[PDB]
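One chain comes next, on its own, written out as C-alpha cells in the form deposited in one PDB entry.
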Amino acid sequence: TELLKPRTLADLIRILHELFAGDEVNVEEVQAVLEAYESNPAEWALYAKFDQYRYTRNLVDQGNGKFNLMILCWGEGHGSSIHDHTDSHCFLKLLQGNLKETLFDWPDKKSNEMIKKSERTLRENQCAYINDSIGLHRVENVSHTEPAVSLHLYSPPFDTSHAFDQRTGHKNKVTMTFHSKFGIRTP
C-alpha cells in the first residue's frame, strides 16, 4: 500500500505488477503511480514504432495476465474512433506530445448524432482514466508538427471493443491488433 515513485519504466512495470497482484484495482493508486513516472524517451524508444497512416499499438507488458500495458504512437493528425473499453479499466499516460480526449455519452437506441460531452487536452506526463461507467471517448493527436506517444494500461486485458459512428451512435465490434510486441514488429 506504500506507493513509491517509479525511477524508470522498468521500475514502473514492477510496481504495477505489485498493484495488480490481487483481484481488484485501486484506480487512484494506479493513476498516481503512472503520473509519478517521469517519461524518459530512452527507456521506451524500443516500443515507439510509428506507422505513416495511422496510430500504432505496441505491447510492452502482459501484466502476468492481469493487464495489457502498451505504447501507442500517434503521427500528426492521427486519432482513434469513438470507443468503449469492454468493461475494463483504461489508464492513459502521455509520454510525448499532447492528445485531445473527447468524451461522449453512451448512445440510446434511436439513431442520433453523438454530441460531445466535453473535451480536454492531455499534456506530457499527465494520466487520464476512463471506464464504461464513465462513458466513451475519442483520443486524437491534433498536432500538425508533433508526434505523440502515450502509455496505456487496460485491466483486464481485452482484444476486442466497439467503435461508434458519430453520426448515428451505431456500434460495430473491432479486433485490436498489435503493431509490435516486446519491441518485435509483429506483422
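Counting begins at 1, following the sequence as shown.
What comes next is about the form deposited with a small molecule bound, which is not displayed.
Against the small molecule in the entry with it bound, the set 17, 25 and 69 makes no contact: no member has a heavy atom within 4.5 Å. Judged by heavy atoms within 4.5 Å of the small molecule in the entry with it bound, the contact stretch among the candidates 152-160, 59-67, 28-36, 43-51 is 152-160.
Using a 4.5 Å cutoff between non-hydrogen atoms, residue 139 counts as a contact of the small molecule in the entry with it bound.
Interface membership of residue 13, defined by any non-hydrogen atom within 4.5 Å of the small molecule in the entry with it bound, is ruled out. With a 4.5 Å cutoff on heavy atoms, residue 116 does not count as touching the small molecule in the entry with it bound; it lies far away. Proximity of residue 83 to the small molecule in the entry with it bound falls within the 4.5 Å heavy atom cutoff.
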